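Only one chain is included here, represented as structure tokens and corresponding to the form solved without the ligand.
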């Protein structure tokens, strides 16, 4: 009987004693009508919903071959291994390097999230955390650096682009040239870019090398549904048997558990889907294991036996090279990244300002600092080996419970501190586990499609071309350019001419 009353006899005392110290006046706990206990609940509610991006980022950036290259490949019977042999796989020397890089990138993501969340919390009094944004990881990894050394731009130039974008976004928002520039883009293309990004992200979660493996090549049509069980030992090709891949069905079950948990309003759901299909795919012996019986697979098992390990960044440290900025596509990629980051932290940071009573006429209490902290987080994360950071939409779950001061973004950072020590259990997440997690992101980003003015013709074609050309051409830069070209030709050639004639 006294157990129930013990919580209440101490919670009020602790809340009264904490608010009267330096911290209570610092975080302004006497105003905004918020007690200390609610801050701990809201921080947990935000972290559990945001905890899924500690593994998706690592598995989506480790595919590009961050530091590993052709020089540190293994030795074979030939004289020297050629270009398209090591990076294609089936080589112990390159896979051992990629394992270390994957181990290194998790700590880099955790540190970047720590810095972003803590810097926002201490300097802006706003209760939402930070992490490497979802949407710019795929563009940098699967489109600029390429899949394991493909494309043209190398990894060092790709990380220099992040520094350049962060520095260019610092002195474009401190001056005040953001609202004059953020509202210049018409609402149709801005709103329809997210749908195309969601399609592109979900489409890459279905290939065999990236995701669970539905789609595959075909000789007559471009794509086909393989889901093949017996696949090629080296590359990916269907030999015999469709819809009988055990990994595919395990991934479908994992998707079903996430979908059933998102309804019924369970806060953290995208993490329990990954945990289930990973704990299942940790048992050695079956056909869905992540631990084979190869010497390469034994190297990943005599590291999972220990569950806590303080790992040091030793491969993907500061790696910046400006010696390749004199060509063309580097600037196009920089401009595309700037365009993606401009529309991201504009319609998101304001939506979470009208949920919680922060908003006033305009210019709520965290306008100036929250933008500079968000922009400098990308700079501070670029040297660590991760892409640009952004304010996560999933931080709204903490606002709905009562968190209003800046203490939430400090406890989120402190939670992210304790998630770095568990690297052994984060490196060993299979790709078919994070496959289902790339589809729900697209599903939740598609929810804004029911605001485009489909009644008009120009606003419908401009949205449809942008939505369609992004996943079918396998490029994010090919959607924005097409949308802008369609929008300019339909209107600027008829409307602007009238304005020019009206000057006479």
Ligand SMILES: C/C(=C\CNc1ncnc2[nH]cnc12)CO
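Positions refer to the first chain, counted from 1.
Keep in mind the form deposited with the ligand bound is missing from the figure; the text below concerns it.
The shortest heavy atom separation between residue 226 and the ligand in the deposited bound form exceeds 4.5 Å.
Among residues of the shown chain, residue 216 is not one whose heavy atoms approach the ligand to within 4.5 Å in the deposited bound form. In the deposited bound form, residue 476 approaches the ligand with a heavy atom inside 4.5 Å. Of the heavy atoms in residue 391, some are within 4.5 Å of the ligand in the deposited bound form. Shown alone, this chain has one stretch from 241-249, 422-430, 144-152, 344-352 that lies within 4.5 Å of the ligand in the deposited bound form by heavy atoms: 344-352. No member of the trio 61, 106 and 282 reaches the ligand in the deposited bound form with any non-hydrogen atom inside 4.5 Å. This chain lacks the partner; the member of 133, 211, 402, 166 within 4.5 angstroms of the ligand in the deposited bound form by a non-hydrogen atom is 133.
None of 340, 199, 330, 118 but one reaches within 4.5 angstroms of the ligand in the deposited bound form through a heavy atom, and that residue is 340.
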